[PDB]
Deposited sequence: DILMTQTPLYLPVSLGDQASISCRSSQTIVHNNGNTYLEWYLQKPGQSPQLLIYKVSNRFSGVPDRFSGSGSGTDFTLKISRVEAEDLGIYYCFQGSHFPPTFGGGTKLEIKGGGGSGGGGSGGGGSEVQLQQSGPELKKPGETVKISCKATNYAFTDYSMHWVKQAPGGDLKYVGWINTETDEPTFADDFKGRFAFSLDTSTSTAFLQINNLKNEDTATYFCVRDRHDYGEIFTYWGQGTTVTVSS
C-alpha cells in the first residue's frame, strides 16, 4: 500500500560534504497510537540494514549526531552534516505505521548482544522447497515476535510477515499469503520460513528481523540474511 519514494537514486559526495536524502509517503504515516514510525536504514554491500533513525527524528543507539531526521506529513528528510567513509552505502527509509510496513527504493550515498543466525544459502530449481532457519540468541525467544523481510536481487525490500513466537500464529503480507509458511522450535529458539513450489521470483535474500516496538524502534535486529537462488 503506502509507497515510500526516495530522492535521489544516487548521491555523490566528497568525504566531508553535507548530505540530504528525502522520502515521500503516498499517505500519512501516523499510527493510530499517535506515533509516526518513519525510519532510516543504512545498508553496506553484503550485509543487512542498520537502523539509524526511528520515529522520524530519533537517533538509534550508537548513531552519531552527524545524522538527524526531520519532517512531517508526507515528506521526510535524513541529513548527514559531514559524510564519513563509514557512511557509504544505501540508505533506506521505511514506515511501520500501517500494515504492511514498507521501504523506500533506497539512495546510494557514494564518493565522487542480541544475534540472529540464519542458515546457509540455498540453490534450488523452480518447484522445489526450502526451509530457511533463524536462531535467536541472547533474548527470550518467546518474548518478541519474528519478522521476515525479502530483499530482491535488485535491492528492493518487502515485508513477508511475522509470527507470534508465543502462539505460533503467523501473519503474512498479501504478497506472501500463498506459498510461504512460518514455523518455530522454541526448544532450539529457532524461527523457520519455508517456501513451497519455488519460482524465479523467489530468488532473494531473506532476513529474519526482530522489532523493539515498545521502544518505538521497528526492525532493530537483523539476521545476516539467507540467499535463496532459484535457478532453472
Next on the checklist: From the N-terminus onward, what segments of the deposited sequence lack any C-alpha atom in this model?
Outcome noted: 113 to 127
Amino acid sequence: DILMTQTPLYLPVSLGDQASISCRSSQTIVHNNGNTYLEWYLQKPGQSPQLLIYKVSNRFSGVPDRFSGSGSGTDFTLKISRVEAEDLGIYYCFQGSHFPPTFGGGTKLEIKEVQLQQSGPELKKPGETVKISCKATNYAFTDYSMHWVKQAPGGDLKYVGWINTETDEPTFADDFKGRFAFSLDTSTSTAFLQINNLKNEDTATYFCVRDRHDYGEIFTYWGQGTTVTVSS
From here on, numbers count along this sequence of modelled residues.
Checklist outcome for this item: Averaging the C-alpha temperature factors as deposited, the higher value of 5 to 13 versus 218 to 226 falls on 5 to 13
Next on the checklist: Regarding 209 to 217 and 18 to 26, which shows the higher C-alpha temperature factor on average in the entry?
Outcome noted: 209 to 217
Item to check | Candidate residues 68, 203, 165, 194, the one whose C-alpha B factor the record puts highest | outcome: 165
Item to check | Given 58, 190, 43, 33, the residue at which the Cα B factor reaches its maximum | outcome: 33
Item to check | residue 54 - Cα temperature factor, lowest/middle/highest third of chain | outcome: lowest
Checklist entry - When the modelled residues of the chain are sorted by Cα temperature factor, does residue 133 land in the lowest, middle or highest third? => result lowest
Item to check | Record-listed C-alpha B factor of residue 86: chain third | outcome: middle
Next on the checklist: Splitting the chain's C-alpha B-factors into thirds, which one does residue 108 fall into?
Outcome noted: middle
Next on the checklist: Using the temperature factors of the C-alpha atoms in this entry, rank residue 77 within its chain: lowest, middle or highest third.
Outcome noted: middle
